[PDB]
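Basis for what follows: all heavy atoms, side chains included, without hydrogens, waters or symmetry-related copies. We name chains A, B, ... by the order of the sequence lines, and we start the count at 1 in each one.
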Amino acid sequence: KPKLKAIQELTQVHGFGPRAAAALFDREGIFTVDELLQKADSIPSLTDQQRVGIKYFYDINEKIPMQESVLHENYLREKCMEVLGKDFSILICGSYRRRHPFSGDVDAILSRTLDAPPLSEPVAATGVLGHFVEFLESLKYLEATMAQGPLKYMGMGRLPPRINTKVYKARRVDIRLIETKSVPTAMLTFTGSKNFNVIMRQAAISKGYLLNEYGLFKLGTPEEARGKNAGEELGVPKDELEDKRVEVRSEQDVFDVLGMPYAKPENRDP
DNA sequence: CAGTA
DNA sequence: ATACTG
Ligand SMILES: Cc1cn([C@H]2CC[C@@H](COP(=O)(O)OP(=O)(O)OP(=O)(O)O)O2)c(=O)[nH]c1=O
Ligand SMILES: [Mg+2]
Ligand code: NA
């Protein structure tokens, strides 16, 4: 049992799951978070992402008050306009959009507007997420990176000091780049809650649909339906899946097609 | 697969 | 339930 308490302890750190916690206990004799923090630098196996979880342990365990999330929203929207221009927009989802007084992180969607001209390739292929991230890094807002690819960024963002002088904690910031036609389904997914998404996706299954952030897809009967995911690359469904899309313009559209009563974001905590 | 949205 | 990065 000694290593069971250790695992439950060590998995409190961002980037450490049961597997990594066991290795720490067995190969390092480390059994407390406090020891992990004091020793991390002398452990070479740790990845760059685990190192961020350790360095920002204090900040990461503090919740963000709604008033500060409003400031992150305004900041990201302004910087988006400055460096990407009017073709793009930022929307903050997660527990903030569900109107919780506190949130664990900042969940942002970056997407092209309905008015922006259509592209000839997936928007992710333009490198735009990386350009936006570099801009935020030059401003010293983004100060550490956990993971980054062409669709999803996870890092630590800190609002600049405001003038007495107010100094802010670094916060977990997640940015997802989403195609225009996928925005209504991405708003559903990234607003959650987690349990709400599972319930709605189960409802889809029962009616012969696939629901994800990219769309609502009508698969048909259980047999007609029959490797990384259901069939998307760079944020775009493969043609065979795209052909199944039921176009939607609003969250309400999705509730309606699935025969579920509409719920406001603040009522999505089952 | 591990770990996190 | 379904998905992205390492
Ligand atoms: C974990 C998880 C999350 N999601 C969606 C649904 C929510 C958003 C945000 O995730 P968060 O963990 O930040 O959720 P949040 O509700 O924003 O709460 P915090 O206040 O940030 O903890 O992602 C999911 O589909 N499957 C999952 O396993
Ligand atoms: Mg969140
Ligand atoms: Na963890």
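- Atom-to-atom, CD of A/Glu232 to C1' of C/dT5 comes out at 16 Å; the value is rounded to the nearest Å.
- Test A/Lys194, A/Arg98, A/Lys264 against A/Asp269 for salt bridge (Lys or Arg N to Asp or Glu O under 4.0 Å) and you get one pass: A/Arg98.
- Legend: residues meeting side-chain contact (heavy atoms from CB on, under 4.5 Å) with A/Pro265, ordered by chain and number and at least two apart, are A/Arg97, A/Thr191, A/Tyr262, A/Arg268.
- At whole-Å resolution of the value, CG in A/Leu219 and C1' in C/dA1 are 13 Å apart.
- What separates CG of A/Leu241 from P of C/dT2 is a distance of 12 Å, to the nearest Å.
- The distance from atom CG of A/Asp174 to atom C1' of C/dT5 is 12 Å, rounded to the nearest whole Å.
- For the pair A/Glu233 CD and C/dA3 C1', the computed distance is 14 Å after rounding to whole Å.
- One interatomic measurement links the two molecules: CG of A/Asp107 to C1' of B/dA5, which rounds to 7 Å at whole-angstrom precision.
- For DNA chain B, none of the residues of residues 187-217 of chain A falls under the heavy-atom distance limit of 4.0 Å.
- For A/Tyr75, the ring-ring contact (aromatic ring centres under 6.0 Å, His included) partners at least two apart in sequence or on another chain are A/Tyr141.
- Checked for salt-bridge contact, A/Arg171 and A/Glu68 meet the test: a charged N lies under 4.0 Å from a carboxylate O.
- Remark: A/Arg172 is in phosphate contact with B/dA5, judged by side-chain N or O atoms under 4.0 Å from OP1 or OP2.
- The separation between A/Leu258 atom CG and C/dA1 atom P is 15 Å, rounded to whole Å.
- Between A/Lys218 and A/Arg245, the closest side-chain pair of non-hydrogen atoms is not below 4.5 Å.
- Put simply, the side chain of A/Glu224 does not reach to within 4.5 Å of the side chain of A/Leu219, judged on heavy atoms.
- Look at CZ on A/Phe16: it is 12 Å from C1' on B/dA2, rounded to the nearest Å.
- Closest to the side chain of A/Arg19, out of C/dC4, B/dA2, B/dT4, is B/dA2.
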